[PDB]
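Chemist: For now just these chains, pulled out of the complex without moving them:
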Amino acid sequence: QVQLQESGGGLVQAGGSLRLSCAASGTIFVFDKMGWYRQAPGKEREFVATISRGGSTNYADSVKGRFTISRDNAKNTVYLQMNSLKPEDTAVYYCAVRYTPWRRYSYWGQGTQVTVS
């Protein structure tokens, strides 16, 4: 079965940086839209960043300018370089994948805990 292994949590201060990863393993295909989704403790989910196969990055308007996401070519590994951290964005982070452009988010990730200040 397909499972996603991720790493890169921790604790920084207001104005630091971190690094998050995600790496599917056990499949034979190439995913289309490996992205990221965050959720504050006690609230609802929202959207963070997403990179397609050929390369078309689609950020969110409340985070654009501080986050940068890049995916390796023709394989399954996607990074996320976060810069100038605040203590407002403390949540857990998931990792979602997708087979085809019209098929609605097959597999989900476990969760990485990150809090700041």
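Modeler: Perfect, I can see it now. Residues are numbered from 1 along each chain as shown, chains lettered A, B, ... in the order given.
Chemist: who's in contact with stretch A:103-110?
Modeler: A:2, A:4, A:6, A:22, A:24, A:94, A:95, A:96, A:97, A:98, A:99 (CB atoms under 8 Å, 6 or more residues apart in numbering). Just so you know, the C-beta spots here come from the backbone N, C-alpha and C atoms, and that holds for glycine as well.
Chemist: could I have it exported to PDB, CA atoms only?
Modeler: Provided in PDB are the C-alpha atoms of stretch A:103-110 (Å, rounded to 0.1, in the frame of the first residue of the first chain):
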ATOM      1  CA  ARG A 103     -10.100  13.000  -9.300                       C
ATOM      2  CA  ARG A 104     -10.100  14.700  -5.900                       C
ATOM      3  CA  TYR A 105      -7.200  13.900  -3.600                       C
ATOM      4  CA  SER A 106      -6.700  10.200  -3.200                       C
ATOM      5  CA  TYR A 107      -4.200   9.800  -0.400                       C
ATOM      6  CA  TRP A 108      -3.600  12.000   2.700                       C
ATOM      7  CA  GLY A 109      -0.600  12.300   5.000                       C
ATOM      8  CA  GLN A 110      -0.300  11.800   8.700                       C
END
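Chemist: center of chain A - which residue?
Modeler: In chain A, the residue lying closest to the centroid (CA atoms, centre = their mean) is residue A:36, at 3.0 Å.
Chemist: Contact partners for it?
Modeler: Counting by CB under 8 Å, 6+ apart, residue A:36 has contacts A:20, A:48, A:49, A:50, A:69, A:80, A:93, A:94, A:95, A:96.
Chemist: So what sits opposite the fourth one in the bridge?
Modeler: Right, the one you point to is residue A:50. For residue A:50, the beta-bridge partners are residue A:35 (DSSP bridges).
Chemist: Now do the contacts for it.
Modeler: For residue A:50, the contacting residues are A:33, A:34, A:35, A:36, A:57, A:58, A:69, by CB under 8 Å, 6+ apart.
Chemist: Report the separation between the nearest residue to the first one once chain neighbours are set aside and residue A:42.
Modeler: Taking CB to CB, 6 or more residues apart in numbering as the measure, residue A:33 lies nearest to residue A:98, with 4.3 Å between them; neighbours along the chain are not counted. Residue A:98 sits 28 Å away from residue A:42 when distances are taken as CB to CB, to the nearest Å.
Chemist: and if you look at residue A:30?
Modeler: Distance from residue A:30 to residue A:42, counting by CB to CB: 37 Å.
Chemist: cool, and residue A:103?
Modeler: For residue A:103, the distance to residue A:42 - CB to CB - is 31 Å.
Chemist: Those two - which one has more neighbours?
Modeler: Taking other CB atoms under 10 Å, residue A:103 and residue A:42 do not tie; residue A:103 has more neighbours (10 against 5).
Chemist: Now name the helix or strand holding residue A:74.
Modeler: For residue A:74, there is no enclosing helix or strand under DSSP states H and E.
Chemist: here's chain B, drop it onto the model above:
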Amino acid sequence: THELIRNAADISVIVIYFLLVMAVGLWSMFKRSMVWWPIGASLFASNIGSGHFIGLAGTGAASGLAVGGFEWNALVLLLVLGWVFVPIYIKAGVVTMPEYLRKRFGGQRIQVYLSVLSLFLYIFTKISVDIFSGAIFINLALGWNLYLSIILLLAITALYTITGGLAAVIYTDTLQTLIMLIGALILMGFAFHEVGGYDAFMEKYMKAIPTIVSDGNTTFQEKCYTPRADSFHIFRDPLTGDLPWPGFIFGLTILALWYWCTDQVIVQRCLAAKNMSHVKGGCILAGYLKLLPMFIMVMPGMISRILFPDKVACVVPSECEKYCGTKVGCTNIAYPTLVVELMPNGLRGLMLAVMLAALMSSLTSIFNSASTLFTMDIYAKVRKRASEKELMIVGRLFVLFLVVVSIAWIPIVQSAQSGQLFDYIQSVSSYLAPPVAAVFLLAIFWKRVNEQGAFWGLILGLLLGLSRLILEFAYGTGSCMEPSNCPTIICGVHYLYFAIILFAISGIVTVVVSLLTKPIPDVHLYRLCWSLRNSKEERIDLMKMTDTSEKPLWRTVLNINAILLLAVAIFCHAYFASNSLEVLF
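Modeler: One more chain to add, chain B, which I have set with the ones above:
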């Protein structure tokens, strides 16, 4: 396996179903102008039984997903028969196609040649394939060999045709289509629960290999049993992939235009309706029904490869002969293995009964049509003074010859094109059919061709196709480890790139020969072509509708529904090509 049928819960079901069908026929033996719903079921079930349960499921379990785009092209060519070609047959007073080509051109050689060609196409395509499919079903279910199943199939269809099985062919046809269409969805629901959904079905199909790959000393190749790298694409490579997208669009159209519009049983089925609204209703209903066999019959073939991989995907010849009787391949048993080994104790007998009762009616229909075609159009033009008793015994001493020739031909069907039944039927049709459609279209639309061109067009097309067909069987097709020593000039291209070349060459020959002789005046050609279809004068030639009239409301309703059906078919074609999966290295 093969002893799962020996229980008391379904033998009674088989016996009760057969007695019900024979009682319906025996009642309708004692005590024209049909309506829209019998025509639709009669048109949708024409080739089911051996072109749906063997060919589509086997080529889905062997190649991949691209086979399912056959029925969508079939429905697009089914909407042309009702709107374009049937008022041509009504407005000229003709019943069949050689009777049209006798009134159009003249003489007496084109009709005799087309009858002699149609008998050979019957033998090569329909009769031996039906007997072979019935023997496959009986050998999987019970356990006897081939020669003890062929005579059982024949001894049951004789009892079918004695007790009036040809008169009542409307009630039983609607009943069998309804029962088969209902029972083919429960097997899909049972199959998609066993593998574990729709994503595990994609992830597990790419690892279905046999575990006995070696011979005594000849270890087999890596690419010979693993699935293809493009199994989830509809449109494939036009140079290096099987079923390439130019052939898949053009050659199938050329092969379906001959089959749906220039046949004999289908045209006399549509010509026996009550009005002109009911032909169009029957053409819309079958087009709505022909959207299902991608999801119903192709995708359970892949499930059957996933679940039982050592039978359906064998590669070593000392093991493939034990399972299916031939040393080439075993994909043909993909769908009859799923019905026996997944269904519960009740429906397992009803599905086999439905498949056999749909396989016997075709045979009787063919035996009646070929007997009429031989007695009326070839034998009665030699003697010209024959009574009725002589014609009766001549018509009854011909089907014995047909049966003997087809049973002798059978052991070439089960070893051609590396063990698949879709490729055999499509290759024989591609070698023999396309010269007829070009001469038919040029006879209808152009108005200037005459009798001196059509005959030589047909003869030269026959010479090319017969050369390729004779060279194909005497040398073989090839294999995985040892390729064939075919002359690689007439034998190199795909068999769907041959239909377009033969079509174009036949059209070029009949145009060039027809532009060098004397024409025919238009006094003889009223209401027999496309430009003069609405003349009102008289021609000096060479319960029953005759008018093609309809109310001005149901015409509008039928136009709008045909447009919606075309939109749905285009959306299906645009769905399955916009998102396909790509593997990694």
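Chemist: now that chain B has been added, could you go back to the contacts of stretch A:103-110?
Modeler: A:2, A:4, A:6, A:22, A:24, A:94-99, B:199, B:579 (CB atoms under 8 Å, 6 or more residues apart in numbering or on different chains).
Chemist: among these, which are in strands?
Modeler: Applying DSSP state E to those, the entries found in strands are A:4, A:24, A:94.
Chemist: can you count the residues close to the one residue in the stretch 151-300 of chain B that gets nearest to chain A?
Modeler: When scored by CB to the nearest CB, the stretch 151-300 of chain B has residue B:206 as its residue closest to chain A, at 5.2 Å. Neighbour count of residue B:206, defined by other CB atoms under 10 Å in any protein chain shown: 19.
Chemist: what's the answer for residue B:390, then?
Modeler: When neighbours are counted by other CB under 10 Å, residue B:390 registers 13.
Chemist: Quick check, residue B:398 in contact with residue B:378.
Modeler: No: in this structure, residue B:398 is not within contact of residue B:378 by CB atoms under 8 Å, at 10.5 Å.
Chemist: In terms of neighbours, single out the busier of those two.
Modeler: The neighbour comparison of residue B:398 against residue B:378 (other CB under 10 Å) goes to residue B:398, with 18 against 14.
Chemist: Next, the contact list for the more buried one, please.
Modeler: With contact taken as CB under 8 Å, 6+ apart, residue B:398 is in contact with B:370, B:371, B:374, B:375.
Chemist: taking these one by one, which sit in helices?
Modeler: Under the assignment DSSP state H, these contribute B:370, B:371, B:374, B:375 to helices.
Chemist: Hmm, the last one is touching residue B:393, no?
Modeler: No: in this structure, residue B:375 sits apart from residue B:393 without contact. The criterion is CB under 8 Å, and the distance is 10.4 Å.
Chemist: Comparing those two, which residue is more hemmed in?
Modeler: Neighbour totals were compared for residue B:375 and residue B:393, and residue B:375 leads with 18 against 10 (other CB under 10 Å).
Chemist: Enumerate every residue touching that one.
Modeler: Counted by CB under 8 Å, 6+ apart, residue B:375 has contacts B:391, B:394, B:395, B:398.
Chemist: What are the phi and psi values at the last one?
Modeler: Note on residue B:398: backbone dihedrals following degrees, to the nearest 10 are phi -110, psi -40.
Chemist: What parts of chain A come near chain B?
Modeler: By CB under 8 Å from any CB of the partner chain, the part of chain A that sits against chain B consists of A:2, A:27-30, A:74-76, A:99-103, A:106.
Chemist: For chain B, what's the nearest residue on chain A?
Modeler: Closest point on chain A to chain B, by CB to the nearest CB, is residue A:100, at 3.6 Å.
Chemist: Can you tell me, leaving aside adjacent residues, what's nearest to that residue?
Modeler: Nearest non-adjacent residue to residue A:100, counting by CB to CB, 6 or more residues apart in numbering or on different chains: residue B:579, 3.6 Å away.
Chemist: Show the contacting residues for that neighbour.
Modeler: Listed by CB under 8 Å, 6+ apart, the contact set of residue B:579 reads A:99, A:100, A:101, A:102, A:103.
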